[PDB]
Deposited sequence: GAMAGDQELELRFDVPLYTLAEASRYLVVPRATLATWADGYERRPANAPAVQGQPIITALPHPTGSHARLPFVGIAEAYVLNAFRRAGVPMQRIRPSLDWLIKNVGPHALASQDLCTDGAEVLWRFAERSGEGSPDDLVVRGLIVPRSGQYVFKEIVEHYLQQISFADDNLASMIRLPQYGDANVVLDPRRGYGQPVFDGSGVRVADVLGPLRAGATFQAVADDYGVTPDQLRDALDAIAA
């Protein structure tokens, strides 16, 4: 379900990932995320692997990584970790060392070195990803093929809201009940109590407050 079908418009992905739509447009149009031409009468663009790549790149952006000249680092990562490396199970464990190797040969302070310095730091005599990056990488779950199959959106907190192409058409769902976050909003807006909605939708009141306030 993750590669061939565009599941997300850029508008939707901007909301779910908390990244400016214009930024995503730049990434999708050479492109640094997987995007497909929009279907007839639809603005869908990103297959699930593409939103996973966008999610990781946003984590890089949040960390202060310069983004405009990141493509050679991404090419290098793909050449060493494999296709769709940003969405790979091996990124978090192998990526820091791979990137270090790239920046070494790049020249001190070169654009590649600046990308890589944004991502990694020495820890106990070796380079590792900064925890501010790791925190986001840790949210991703992987399929048989070691590529992303689910992403937990930490902005929803203990609601444990995920993007999962197997549920809710890939739109944000409570992992615990498979309900679209969107489907609890109408009832709350209508004036149902948090307890009534939580019971009706298989979550807790605290989880609902967390979803609302994400």
Walk along the deposited sequence from position 1 and note every stretch that has no C-alpha coordinates.
1-10, 40-53, 239-241
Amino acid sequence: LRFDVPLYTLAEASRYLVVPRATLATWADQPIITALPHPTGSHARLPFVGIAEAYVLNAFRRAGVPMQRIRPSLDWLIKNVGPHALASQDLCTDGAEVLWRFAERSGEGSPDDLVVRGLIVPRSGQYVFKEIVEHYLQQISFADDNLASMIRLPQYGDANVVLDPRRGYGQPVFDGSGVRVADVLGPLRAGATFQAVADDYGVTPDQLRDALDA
From here on, numbers count along this sequence of modelled residues.
Ranked by mean Cα B-factor in the entry, 18-26 and 189-197, top stretch is 18-26
For the stretches 115-123 and 138-146, which has the higher mean C-alpha B-factor as given in the deposited record?
138-146
From 38, 61, 152, 180, the top C-alpha temperature factor is at 38
Sorting the chain's modelled residues by C-alpha B-factor, tell me whether residue 51 ends up in the lowest, middle or highest third.
middle
Looking at the temperature factor on the CA atom of residue 161, which third of the chain's modelled residues does it land in?
lowest
Sorting by Cα B-factor within the chain, modelled residues only, which third would residue 79 end up in: lowest, middle or highest?
middle
What third of the chain, by the recorded C-alpha B-factor, contains residue 44?
highest
Assigned third (lowest, middle, highest) for the C-alpha B factor of residue 97:
middle
